[PDB]
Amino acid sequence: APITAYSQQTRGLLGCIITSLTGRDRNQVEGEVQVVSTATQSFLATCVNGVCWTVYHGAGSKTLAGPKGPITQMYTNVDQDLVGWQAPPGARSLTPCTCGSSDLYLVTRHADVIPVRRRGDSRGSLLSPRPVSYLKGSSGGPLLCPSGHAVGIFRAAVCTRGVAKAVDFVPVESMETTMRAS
């Protein structure tokens, strides 16, 4: 990898629940990827062009606890398992890849950067197959090109007997397509 990553837990369980109910998060926000949670489950969200994008199957309809109360979904594209909120101030946004590379890097929930070989528009095979548990909880995590630019957000995996052989992701082009629907 030419890219590295590290994680920082900013909230605990009790404070999490609380903030979920009020919808008011005054904690300072940093970084390009946020670790995100509802009461039941947890997953990632990625920032691209000022919008925080995550998966619909983790956050469905829900708002995002923000510094001035809850934030409504700007974008909701059930068809592509994609939702988006306006990035809380402080969230450093990634920008889309323009180079067309096939040498991708998926950044996971535990801050692993793992090589992915670009296969289609929304598809890429893992160079070293991992266990599924190694990947679970990373939906809404970013796929990056070698220069650290965004090509897509992690949606799903293809696997057999608990070992992940390939990854599906929403292409960054579909995010701008969703943003092209006023």
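Note that residue numbering begins at 1 and tracks the sequence as displayed.
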| item | value |
| --- | --- |
| 10-18 versus 158-166 - which carries the larger mean C-alpha B factor in the record | 158-166 |
| Stretch with the higher entry mean CA B-factor, where the candidates are 122-130 and 139-147 | 122-130 |
| 33, 116, 153, 65, ranked by C-alpha B-factor: the highest one | 116 |
| Highest recorded Cα temperature factor - choice among 98, 108, 77, 86 | 98 |
| Third of the chain's Cα B-factor distribution that residue 93 belongs to, per the entry | middle |
